[PDB]
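One chain comes next, on its own, written out as structure tokens in the form deposited in one PDB entry.
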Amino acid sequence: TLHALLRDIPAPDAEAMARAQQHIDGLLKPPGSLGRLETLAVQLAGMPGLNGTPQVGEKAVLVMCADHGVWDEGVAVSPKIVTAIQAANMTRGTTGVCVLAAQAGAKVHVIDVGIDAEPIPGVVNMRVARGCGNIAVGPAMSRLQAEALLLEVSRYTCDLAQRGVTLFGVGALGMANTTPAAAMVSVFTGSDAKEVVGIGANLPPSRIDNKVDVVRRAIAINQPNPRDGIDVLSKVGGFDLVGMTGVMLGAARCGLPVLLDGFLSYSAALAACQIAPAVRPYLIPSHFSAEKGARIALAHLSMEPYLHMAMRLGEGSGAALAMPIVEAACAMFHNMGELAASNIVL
């Protein structure tokens, strides 16, 4: 039902947004003084799954895990098995995103969408294959596979709204995944690879040329169509990137907010917004990733992150870190007194 899913993403609710603006202007402060807390509160009020008001109930960070055949091109200094080890660490609460999610009172959902290892007990199993194809020589997956994964993850995501989740975050875990992320960013924005290829997980300065060349080769051989984000995902993305796009389609379909993380997630967000522009009003940035291509990706999303933390972990820890800011916008909205009640005219 993918066509129906995309078709049925709701528009933001202009009426609820006008009522929200009106309330904010009347609060106990100079009009506009809380800046982007104000604009964030109105954006949230517009999302139909929030029931006409900025609010946060339960929070979930979905961490999408997979391996990538492009690891064989020597674009990642972390050994391949780190994806599987770290995915298992997610079930024990010891990773960055686990710790930051706990701090924010969010639950982490670890989803294996294609790790090249035995299944990890405890991890949600949506595995497409044991790793995707090497994008340097051919596609990451078939279109059927990318579509099926989008539908499954989007259904999983919107189903969490039944258990009270009203705010998602997304992240990805997959050795070498900054390579397809950079291929996709280059394709969607028209920037040359050299401008959007970063060091990812501490790649030595001397291997950057190889990684730029591998991105260009992937684009050259696959010839992804920039106007078909599912084509771009299936050809030069990865299962974890498709997985993050699926969380965004599902949150949007559910009329609910989703916090981006870093560059991996911006690449997925570019795909999501190409596939269904109606996704865009549900997306909330968290932080401004240290990765080279972060600025270019965020400009094409017309997004300005709240947090400048020079972070590049990418598995959702940035999204978790911004959940308190969303909660702060709701608290301001609901808990502030009003000017009129103090007799103050400004």
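Numbering starts at 1 and follows the sequence shown.
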(request) State which stretch shows the higher mean Cα B factor in the entry: 55 to 63 or 31 to 39. (result) 31 to 39
(message) Highest mean C-alpha temperature factor of the two stretches 157 to 165 and 134 to 142, which is it?
(response) 157 to 165
(request) Check the PDB entry and point out which of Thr178, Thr189, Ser265, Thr83 has the largest C-alpha temperature factor. (result) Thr189
(message) By the CA temperature factor listed in this entry, which of these ranks top: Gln103, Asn125, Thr95, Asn222?
(response) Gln103
(message) Using only modelled residues of the chain, where does the Cα B factor of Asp240 rank: lowest third, middle third or highest third?
(response) lowest
(request) Just say lowest, middle or highest third for the CA B-factor of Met332 relative to the other modelled residues in its chain. (result) middle
(request) Using the B-factors in the PDB entry, rank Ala218's C-alpha atom against the chain and give the third, lowest, middle or highest. (result) middle
(request) Grab the CA temperature factor for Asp72 from the record and place it in the lowest, middle or highest third of its chain. (result) highest
(request) Going by the recorded CA B-factors, say which third of the chain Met17 sits in, lowest, middle or highest. (result) middle
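Form solved in complex with a small molecule: not shown, discussed below.
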(message) Can you pick out, from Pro224, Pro257, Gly200, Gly133, the residue that has a heavy atom within 4.5 Å of the small molecule in the bound PDB entry?
(response) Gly200
(message) Taking the small molecule in the bound PDB entry, would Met184, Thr245 and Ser267 all count as contacting it (heavy atom within 4.5 Å)?
(response) no
(message) Taking any heavy atom pair closer than or equal to 4.5 Å as contact, tell me whether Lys59 reaches the small molecule in the bound PDB entry.
(response) no
(message) Contact with the small molecule in the bound PDB entry for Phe168, defined as at least one heavy atom pair within 4.5 Å: yes or no?
(response) no
(request) Please run the contact check for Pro54 against the small molecule in the bound PDB entry: heavy atoms, 4.5 angstroms, yes or no? (result) no
(request) Tell me, yes or no, whether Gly262 is in contact with the small molecule in the bound PDB entry, where a contact means a heavy atom of each within 4.5 Å. (result) yes
(request) Using a 4.5 Å heavy atom cut-off, indicate which stretch of 301 to 309, 45 to 53, 275 to 283, 288 to 296 touches the small molecule in the bound PDB entry. (result) 288 to 296
